[PDB]
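Colleague: need coordinates for the following:
(4 chains, ligands or ions: 2)
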Amino acid sequence: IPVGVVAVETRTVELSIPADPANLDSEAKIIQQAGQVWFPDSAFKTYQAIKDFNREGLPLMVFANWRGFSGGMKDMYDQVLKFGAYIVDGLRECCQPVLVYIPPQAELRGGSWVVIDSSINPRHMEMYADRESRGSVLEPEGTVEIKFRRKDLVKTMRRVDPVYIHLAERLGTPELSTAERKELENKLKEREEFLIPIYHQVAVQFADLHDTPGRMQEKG
Amino acid sequence: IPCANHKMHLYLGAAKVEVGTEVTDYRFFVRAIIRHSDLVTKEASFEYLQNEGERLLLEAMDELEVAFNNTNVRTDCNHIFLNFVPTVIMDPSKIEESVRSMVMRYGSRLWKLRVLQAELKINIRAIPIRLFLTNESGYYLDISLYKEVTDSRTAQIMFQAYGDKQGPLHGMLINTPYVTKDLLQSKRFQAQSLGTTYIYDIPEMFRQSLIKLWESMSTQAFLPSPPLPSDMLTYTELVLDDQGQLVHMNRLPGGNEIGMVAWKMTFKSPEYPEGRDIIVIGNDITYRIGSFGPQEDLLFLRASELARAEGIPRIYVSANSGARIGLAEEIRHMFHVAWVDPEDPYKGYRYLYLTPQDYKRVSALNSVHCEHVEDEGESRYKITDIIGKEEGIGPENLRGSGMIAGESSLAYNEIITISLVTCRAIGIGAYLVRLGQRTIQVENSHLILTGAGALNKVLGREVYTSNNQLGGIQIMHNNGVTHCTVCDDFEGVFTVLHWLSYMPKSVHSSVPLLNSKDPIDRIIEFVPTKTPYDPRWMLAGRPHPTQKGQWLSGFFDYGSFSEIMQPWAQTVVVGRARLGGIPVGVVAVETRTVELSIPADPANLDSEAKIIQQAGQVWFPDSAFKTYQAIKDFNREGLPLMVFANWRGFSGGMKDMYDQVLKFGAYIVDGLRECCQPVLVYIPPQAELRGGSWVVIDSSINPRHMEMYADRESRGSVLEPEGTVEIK
Amino acid sequence: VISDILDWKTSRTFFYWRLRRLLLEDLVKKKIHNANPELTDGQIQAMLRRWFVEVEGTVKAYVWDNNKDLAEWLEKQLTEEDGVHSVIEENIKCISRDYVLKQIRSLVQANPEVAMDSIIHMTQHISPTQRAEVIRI
Amino acid sequence: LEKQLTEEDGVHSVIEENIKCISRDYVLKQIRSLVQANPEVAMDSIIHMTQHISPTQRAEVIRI
Ligand SMILES: *C(=O)CCCC[C@@H]1SC[C@@H]2NC(=O)N[C@@H]21
Ligand SMILES: *C(=O)CCCC[C@@H]1SC[C@@H]2NC(=O)N[C@@H]21
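Modeller: Numbers count the residues shown, from 1 in each chain, chains lettered A, B, ... in the order given. Ligands and ions are numbered 1, 2, ... in the order given. Here you go:
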């Protein structure tokens, strides 16, 4: 069965821009482009492919692994937003089946979902996910930076770490002594600070449990 | 609070609260006493009133400035009271005029100092009068006037107004205390504290802007007498029922339970003085900061559906934070870590789990999916998926966002869509703006997909400082995203209405025609020359350079020309104008050389800013794409095109060929083939069309609508004369 | 390849009257198209040209390449009702009537199997003399 | 579905019969809609659709 194919590069690539010989003050440039990102050029290429295959009369098989759009100054100046809109306008005019599949070890995050969501063209578009897939608005790091800052991490440690629990319970005893309270406070400070990176990894794991395909299946 | 010149007695007041709720309302009160002998008026008290008003107002503001900066309690509604001892003989209306002017000229400072109420006591001749001023959002000043009347049954005294606009204090006791903020306040305050207008103040702005519109257009066309402001705008709020359908409801402002509000507005404009309809949709920045949820998305969708069903414009006011996110807090305080080494946690953990005591309290909610395991001799429920009992934070917001995005893409092709950016838009919000393709951007607002902080986290260093570096005017207005920039929300509303005055009231209506004050039968006084000139001079006209007065007329009606996307692709000019009262879209060509400035990305330390010289009478990738955008937008808007074609061809250099000039040149053709309105191409004098620039606007593309005309001082061919002699 | 050669100083007037003509023509052409959506552009334009001559007369047939005069005539046909009654509207109505009649005939002739299912309903809301003709023939 | 779409003169594809029912009723509704929305043409088409009919059908036309 012939199909159109869209897929995503995950390796880093080098874009080489030549120098114009009519401007002796110009220079050639190499720009690193990361994978799993939509740049102006790749977004426009995707739009071209979608439109061309719609006219050709073929269904689309999309292997979607985008972590979002580039928000840097230079891609915003080079009109990434416009081409991102073009993608939507392209998918809305599909007349053939459009099947989106999230491969294993792939994720869709935020802006990259809302432009290929099946709600654009409900009659034709479908979405499927692997078991090793992820999908959400924000990656786990960006979620913990908002909802699980250090204060809440410490609150978590208060009920987990045996050492920190023992010290916190000991300091709760009324009128032990000045010196002992000072020592306990310093021990608590050192222990809670020492345990931050591990509980940070725990936090992002917790947030990751919110981005699973089981949730997406329950929500429809 | 002590101060210099202690005739201006300053107090700081804190609202009385119970032992529960804390104090959040703090207000300054300036209470001044003005002592002076009585005045005998021989039309000689005007200077006294004006000078004392100005002097006392300035002193009040100065003392309040000092005391305002000396503390940090974050006051909201500061008040000034000026009690004048002397009696003056004056008509109260004249006092009203004087106070009005004095307050308006210094309204900016009063706004900065959060002075919202003011009272002035003064005796006439003697009968006391009390002037009550409300100065909220800085476009409209409300002045009321009351007399104190003692004709009561008890020893209590009450206010009596003058019948015309009795106002809230009519029949109220003069000793009414000052209240402690209300429904609208503490939400209006937050919104203004973010640099944006509160949502439920938007209708009022429209009304006041319409007034300005009826004034502004009075110099362009013969307009009828304007109706009173109470008949210029009427609106109904659009709310959701329990099923998800729209209900037309009349209720008090500030009663929204979701972050989205919409109205159907009917108003009378100079071009349609019988009433035209629009749908207005807006984000409430103060409701769960920004944040599209599922219900907000649904309301947006249903209102857009209404607009398409009626065929009327849709106005979107963007102040949001993108898709709503959240975390399942009911699990956050229950889970335990299964450590690899419970004594040394730095060798990893295997999983997260709930104990039976926690699992039994959530399993009936479908908030978490766990599997029973036996580990370390303990019964555990290992977590595999978290769902969350709270709706509106999960992946349902992705679907919803996509849903409304599709709606916008459809709306642009059926109705008019205009977007105004007042605070900020992140992510989906930006797309919702872009999909309207008609964007007004307030100063100090930004359209981004990713915040600066996230980018700094990803890149590993403090690359970006402000979100305005990513989506501010200096990017969005120069790359063709924003059409027009305004200084505040009120000007933005005005600009929306201004644009609407050129276009049909509905998709099923003709273009609005005006009875213009610029005669059709005149001649054009400005003549295009052979040397470079500003294309605006022929479109609109110029000040007569010989004299000080005297305007040299152009092609289009005087004052009707409005340019859009001005700094982007400056080799071509696009805009709206009127010809004899007939609105048209305008395309024209720059013949002067322009300088394109390209900034350097701070994320690439090896980048450099560049200046590129762009000649006139040439199609470049940017100017070609701009022309395509204009054509497509005016075809959807419903206006005919007037093209002043003066292109010598496309750029064939390496760098413009690499930057895809050919593609955009093709887009021009595809745009013109879909015109449904008249397209009139005119070659001005001392203008030429050569080669590639003709074949893309030739009337053969759309023969039913396109026409070409030439002046006597025009030229047109495949090749210029030099290129022809070099061959033949 | 061009329609005409214009002077710059007087272009304002020309383009005003031309655009006014074209917009009015668009209105009437849309009405014609809705009366018979199966017409093409040449047919529509020819209908308008013929109707102008037929109503005004052949001596006035030269008054066509005159944007002012013809715009005024079109406006009178489009803006006035219950009065002159806009003869052009009557011709448009003729087109619409014949078009729907052709659709009816086309559907029944392409599909005779439905002819007797609609024959009843269209012989109900008729005058008794019309019913007499139905019975007689 | 393939069996219903690819096989003819045989099983005869019952789904095709249901589609034909829809098509028949739709064109009938169009006829009724045009005459009811515009009675003035009812007697201009009444003749032509009573020509290519069986004599018994003509008898029913006369009788009613
Ligand atoms: C990779 O992790 C995300 C890359 C996002 C784009 C980056 S950020 C700064 C650079 N500027 C730009 O336009 N793109 C680059
Ligand atoms: C001016 O007479 C015609 C300008 C054509 C484009 C020129 S040629 C070399 C430069 N490179 C480029 O891309 N544009 C410039």
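Colleague: for the rest of this, base every contact and every neighbour count on C-alpha atoms.
Modeller: OK.
Colleague: tell me where the chain has helices.
Modeller: Defaulting to chain A. Assigned by DSSP state H, the helices in chain A fall at A:40-56, A:73-77, A:80-91, A:111-114, A:140-147, A:150-157, A:162-171, A:178-194, A:196-208, A:213-219.
Colleague: wait, chain C
Modeller: Under DSSP H, chain C gives helices at C:11-35, C:41-56, C:67-79, C:87-110, C:115-118, C:128-136.
Colleague: residues of the shortest one that come out buried?
Modeller: In terms of neighbour count (16 or more other C-alpha atoms under 10 Å in any protein chain shown), helix C:115-118 has its buried residues at C:115, C:116, C:118.
Colleague: repeat for the fourth one
Modeller: Burial within helix C:87-110, assessed by neighbour count using 16+ other C-alpha under 10 Å, is assigned to C:88-89, C:92-93, C:95-97, C:99-101, C:104-105, C:107-109.
Colleague: check which helix or strand covers the residue in chain B that chain D sits nearest to.
Modeller: Residue nearest to chain D within chain B: residue B:508 (22.6 Å; C-alpha to the nearest C-alpha). Assigned by DSSP states H and E, residue B:508 falls within no helix or strand.
Colleague: so it sits against residue B:312, correct?
Modeller: No - counting by C-alpha atoms under 8 Å, residue B:508 stays clear of residue B:312, with 9.0 Å between them.
Colleague: between these two, which is the more surrounded one?
Modeller: residue B:312 (23 against 11; other C-alpha atoms under 10 Å in any protein chain shown).
Colleague: that one contacts residue B:503, correct?
Modeller: No - in this structure, residue B:312 is not within contact of residue B:503 by C-alpha under 8 Å, at 11.0 Å.
Colleague: assign residue B:119 to helix, strand or coil.
Modeller: Assigned with DSSP: H, G, I helix; E, B strand; the rest coil, residue B:119 falls in the strand class.
Colleague: what residues of the helix or strand where residue B:104 lies count as buried?
Modeller: Assigned by DSSP H and E, residue B:104 belongs to helix B:92-105. Neighbour-count burial for helix B:92-105 flags B:92, B:98, B:99, B:100, B:103, B:104 (criterion: 16+ other C-alpha under 10 Å).
Colleague: residue B:355 touches residue B:380, doesn't it?
Modeller: Yes - using C-alpha under 8 Å, residue B:355 is in contact with residue B:380, at 5.3 Å.
Colleague: neighbour count for the two, which is higher?
Modeller: residue B:380 (21 against 16).
Colleague: in three-state terms, label the more buried one for me.
Modeller: strand.
Colleague: what residue in chain A comes nearest to ligand 1?
Modeller: Closest residue of chain A to ligand 1, C-alpha to the nearest ligand atom: residue A:72 (3.5 Å).
Colleague: could you do chain C as well?
Modeller: For chain C, C-alpha to the nearest ligand atom, closest residue to ligand 1: residue C:19, 46.4 Å.
Colleague: again with chain B
Modeller: For chain B, C-alpha to the nearest ligand atom, closest residue to ligand 1: residue B:603, 4.9 Å.
Colleague: what about the closest residue to that residue other than its chain neighbours, how many residues close to it?
Modeller: Once flanking residues are discounted, residue B:603 sits nearest to residue B:463: 5.9 Å by C-alpha to C-alpha, 6 or more residues apart in numbering or on different chains. Neighbourhood size, residue B:463 [other C-alpha under 10 Å]: 17.
Colleague: show me what contacts the residue nearest the centre of chain C?
Modeller: Nearest to the mean C-alpha position of chain C, by C-alpha atoms, centre = their mean, lies residue C:92 at 3.2 Å. Residues near residue C:92 by C-alpha atoms under 8 Å, 6 or more residues apart in numbering or on different chains: C:31, C:32, C:35.
Colleague: quick one on the thing from earlier: for residue B:254, find the nearest of the helices of chain A.
Modeller: Closest to residue B:254 of the helices of chain A is helix A:140-147 (C-alpha to C-alpha; 27.9 Å).
Colleague: how about the closest one, does it reach chain B?
Modeller: Yes - contact of helix A:140-147 with chain B (C-alpha under 8 Å from any C-alpha of the partner chain) involves A:142, A:143, A:147.
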